[PDB]
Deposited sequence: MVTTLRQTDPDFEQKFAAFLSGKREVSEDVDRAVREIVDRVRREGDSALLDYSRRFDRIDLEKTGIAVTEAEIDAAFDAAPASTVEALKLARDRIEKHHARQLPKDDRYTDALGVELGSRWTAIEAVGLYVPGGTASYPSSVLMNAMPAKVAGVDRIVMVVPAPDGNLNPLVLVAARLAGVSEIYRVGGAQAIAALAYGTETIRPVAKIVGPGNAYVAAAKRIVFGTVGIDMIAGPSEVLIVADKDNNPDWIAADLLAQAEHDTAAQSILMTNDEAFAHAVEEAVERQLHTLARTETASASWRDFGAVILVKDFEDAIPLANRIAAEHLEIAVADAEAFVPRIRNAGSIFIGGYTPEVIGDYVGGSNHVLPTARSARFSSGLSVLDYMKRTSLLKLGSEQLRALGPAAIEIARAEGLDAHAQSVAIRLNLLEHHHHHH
């Protein structure tokens, strides 16, 4: 598969090219506007059109009765595994809850930082085969931990089919309402609201091209997590690893999407060869290797470096969603590689564990977005409010400076709101 050699005088050009990489807009714009202006009426319309479903009969909201039945149908070990994941995710996220900060500075000004949960959030969950209960837990649990009052999930049911495990996960994660809708129409319903779906304040959850374009439109009206990009895993490993294990980790990622990218960065060419052979073999032992195969062939890559000091700047440019570090003295590289959504350390930490039961959130920054964003955390479901309180002495002390800047900015009304107070106050400060 694609192999880049840092040796190569053309390595940089090739590497930069490797790192690089429509009218749906028009269509989405109309769908979103129509749902906004018309409501439930437009939702059903678009739902029939895209999900071949008749919500007037199935109903838009999933019932607690339908959720109860999903639990029954589920294998006991599946429900228990989901509960273990829910518990581990909750405990870990609880630790990240922000603490308020109220204090008084040297001048006596009272400054404060207070956090509150967003009142209502909507989680978008793709339907059909891409419908994962693990994703429901990852997206919903932080909201529940944060204290979000109302957590809504929208999940389309093409041809009327919903994954029962998604309903099981939803309940476990504290999801309040569930609506059988998706696409740009569901995003529009959550942002603007309809007769059946009261609006929410933020929408999280990756979707297809129609969902992404709709999220771009509504951003500002509601908060949004980020626009989904192609998923990836960067594995930095030396020869002292089991080639079969590394190949398995690369293929796990690859089976997600035909556009998923798996990358091996190593300093041992022979080992790179061993991993490739393992990928080829496993590609045959496993079934349904249609997607994985396509992903590995079209986007897989090996990057050969002389040593791992060289791998550092390259790993930072890749800014992978998931980074597995399997080299000696692995801990020593963690601080050096600043751009990575999640880092998995050692041979016994396949990234897959993080997708499910580690505790950290698997909703991570993709497509180089790790250069500027973090994976989902309770902070994404909360907001900070600044608090400020000045007494007469404080205003007397900081007011002149404020007035000076306001006037230099030509904002006379701004200067006057301070001046009007100081003019009166000053008559008590003629001794200094």
Exercise. For this chain, which runs of the deposited sequence have no C-alpha coordinates, given in order from the N-terminus?
Worked result: 1, 23 to 27
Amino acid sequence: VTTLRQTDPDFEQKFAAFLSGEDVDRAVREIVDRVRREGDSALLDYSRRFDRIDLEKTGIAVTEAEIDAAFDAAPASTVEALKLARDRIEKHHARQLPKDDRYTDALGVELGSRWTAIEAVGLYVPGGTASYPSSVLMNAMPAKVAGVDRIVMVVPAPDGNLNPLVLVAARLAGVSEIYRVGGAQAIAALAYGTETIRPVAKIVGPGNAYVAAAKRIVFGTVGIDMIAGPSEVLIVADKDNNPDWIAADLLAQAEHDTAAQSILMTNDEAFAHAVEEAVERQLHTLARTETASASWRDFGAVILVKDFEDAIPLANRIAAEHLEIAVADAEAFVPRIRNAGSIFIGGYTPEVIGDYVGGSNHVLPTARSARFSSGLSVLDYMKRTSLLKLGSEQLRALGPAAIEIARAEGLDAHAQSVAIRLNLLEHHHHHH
From here on, numbers count along this sequence of modelled residues.
Exercise. Of the two stretches 195 to 203 and 281 to 289, which shows the higher Cα B-factor on average in the entry?
Worked result: 281 to 289
For this session: Between 320 to 328 and 224 to 232, point out the one with the higher average CA B-factor as the PDB entry records it.
Result: 224 to 232
For this session: Going by the CA temperature factor in the entry, name the top one among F344, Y132, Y124, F299.
Result: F299
Seminar exercise, completed: From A65, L390, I405, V32, the top C-alpha temperature factor is at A65
For this session: Quick one: classify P75 as lowest, middle or highest third of the chain based on its Cα B-factor.
Result: middle
Problem set entry | Ranked against its chain, the third holding the CA B-factor of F333 | highest
Exercise. Lowest, middle or highest third: where is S262 by Cα B-factor in its chain?
Worked result: middle
Exercise. What third of its chain's C-alpha B-factors does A270 belong to: lowest, middle or highest?
Worked result: highest
For this session: Going by the recorded CA B-factors, say which third of the chain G183 sits in, lowest, middle or highest.
Result: lowest
